[PDB]
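Student: Before anything else, here's the structure in question.
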Amino acid sequence: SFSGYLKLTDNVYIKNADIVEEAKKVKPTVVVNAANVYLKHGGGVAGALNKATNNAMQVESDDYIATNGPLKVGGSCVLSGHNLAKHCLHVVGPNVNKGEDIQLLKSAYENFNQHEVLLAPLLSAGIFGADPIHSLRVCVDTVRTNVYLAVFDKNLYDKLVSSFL
Ligand SMILES: Cc1nn(C)c(C)c1CC(N)=O
Numbered sequence: 005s006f007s008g009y010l011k012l013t014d015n016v017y018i019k020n021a022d023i024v025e026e027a028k029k030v031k032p033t034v035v036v037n038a039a040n041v042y043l044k045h046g047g048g049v050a051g052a053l054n055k056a057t058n059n060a061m062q063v064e065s066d067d068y069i070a071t072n073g074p075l076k077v078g079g080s081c082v083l084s085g086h087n088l089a090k091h092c093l094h095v096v097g098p099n100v101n102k103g104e105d106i107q108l109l110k111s112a113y114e115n116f117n118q119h120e121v122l123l124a125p126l127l128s129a130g131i132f133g134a135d136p137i138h139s140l141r142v143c144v145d146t147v148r149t150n151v152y153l154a155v156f157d158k159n160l161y162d163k164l165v166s167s168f169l
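Going by the authors' numbering, the sequence shown opens with residue 5, and the numbers climb by one from there.
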C-alpha cells in the first residue's frame, strides 16, 4: 500500500513524491489528475500523467470530450487509470492564471469524497497559480475520505509541513 507518508489529519496524508512514480509503485484504485475543463493534458501533473500512459489518457479524454463536452471548473469525471491506477479522477480546480474563482477549489475537492481512497496532487497548485498552503487547508477542511497527497517540489513540501496548523 502507501508508504513514507506524513499523517496530517485523521484522513489526510502527505509525501514529497512524483505522483507518476507514486502511481506506478502503488497502482492505487484512484489517481487524481489536475485536469482542465477540456481534458487537454499539456503540462504539470496532467502532462506528466498523460506522458506516462503513452498518450492513451489523452486519446481517451478526447473521446470523452467529443461525447460529453467540457467539464465545469470544480467538476470531475472518472476515466481509466491506464497503467497508473484502476481509475483516474480528472478534477478541475480553478486556474488563478485564467481569473477563475478560487472559491471553486472547495467544490473541486468535494469530488474526492466520492472515493474511499485516492492518490492526489494539491488542486490548483503549481501551474494553476493558487497558493499551495491554501490548497492544503481546503483539502483537509473538505475531503473526508482517505487522501494521499504527492507534492513534487521538496522545498514546497517542507514549507507545507512546517506551516500546517
Ligand atoms: C509528475 C509530477 N508529480 N507531481 C506531484 C507533480 C506536481 C508532477 C508534475 C511534473 N513533475 O511534471
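Note that the Cβ used here is the ideal one computed from N, Cα and C, for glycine as well.
Starting from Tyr-17, follow the beta strand (DSSP E) in both directions and report where the run begins and ends.
Tutor: Element bounds for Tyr-17: 16-20.
Student: Classify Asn-87 as helix, strand or coil using the three-state DSSP reduction.
Tutor: Three-state DSSP puts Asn-87 in coil, outside helix and strand.
Student: Measure the alpha-carbon distance for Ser-84 versus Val-95 and round it to whole angstroms.
Tutor: Those two C-alpha atoms are separated by around 14 Å.
Student: Kindly indicate the opening and closing residues of the alpha helix (DSSP H) around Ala-50.
Tutor: Note, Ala-50: alpha helix (DSSP H), 48-56.
Student: Measuring alpha carbon to alpha carbon, tell me which residue in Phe-156, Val-165, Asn-72 and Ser-65 is nearest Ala-124.
Tutor: Closest option to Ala-124, Cα to Cα, is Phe-156.
Student: Per DSSP, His-94 is paired with what?
Tutor: DSSP lists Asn-37 and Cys-81 as partners of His-94.
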